[PDB]
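Asker: Just so you know, the sequences run in chain order E and C. Start counting at 1 in the first sequence, then tack on 1, and there's your number in PDB author numbering. Start counting at 1 in the second sequence, then tack on 1, and there's your number in PDB author numbering.
There are 2 protein chains.
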Amino acid sequence: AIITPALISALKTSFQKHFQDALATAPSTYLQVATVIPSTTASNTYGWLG
Amino acid sequence: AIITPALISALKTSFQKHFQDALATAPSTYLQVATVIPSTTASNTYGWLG
């Protein structure tokens, strides 16, 4: 047996990173409800006509 | 920074013709419930013989 097993508890443990990054964000959805037409300015106003 | 960015606000603005005539008239349906019989006069009267 071990008279003082406390000092070996660290070595009697295994570390598995199976829970690391085992998740993801929800699937992209703005494509179906929105479209992207970017610009190079800060405002990008649309002066359309009737 | 700029003391009066409002004057130079045009630098930070863009005008893309994106919201431009992005509509279409409702699909034609007169053909379904009507027929075209044009003439070259001002009245185009019709008659019958019972």
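All C-beta atoms, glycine included, are put in the ideal place defined by N, C-alpha and C.
Any beta-carbon of chain C closer than 9 Å to the one on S40/E?
Answerer: For the purposes of this step, residue 40/E is taken as the residue at position 39 of the first sequence. Yes, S40/E counts as interfacial toward chain C.
Asker: Flag this pair as touching only if the stretch 40 to 49 of chain E and the stretch 23 to 32 of chain E have three or more C-beta atom pairs under 8 Å; answer yes or no.
Answerer: no
Asker: Which chain E residues sit within Cβ distance under 7 Å of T5/C?
Answerer: By one-based count along the second sequence, residue 5/C stands at place 4. Listed by position along chain E, the residues whose Cβ is nearer than 7 Å to that of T5/C form an empty set, because the closest Cβ is around 16 Å away.
Asker: Counting pairs of beta carbons, one from the stretch 13 to 20 of chain C and one from the stretch 30 to 40 of chain E, are three or more of them closer than 8 Å?
Answerer: Yes: at least three Cβ pairs fall under 8 Å.
Asker: Are the CB atoms of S44/E and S29/C within a distance shorter than 9 Å?
Answerer: Within the second sequence, residue 29/C is the residue found at index 28, counting from 1. Within the first sequence, residue 44/E is the residue found at index 43, counting from 1. No. Outside cutoff.
Asker: Quick one: list the residues of chain C neighbouring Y47/E, beta-carbon separation under 9 Å, in chain order.
Answerer: The residue you call residue 47/E lines up with position 46 of the first sequence. Ordered by position in chain C, the residues that pass the 9 Å Cβ test against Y47/E are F16, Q17, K18, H19, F20 and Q21.
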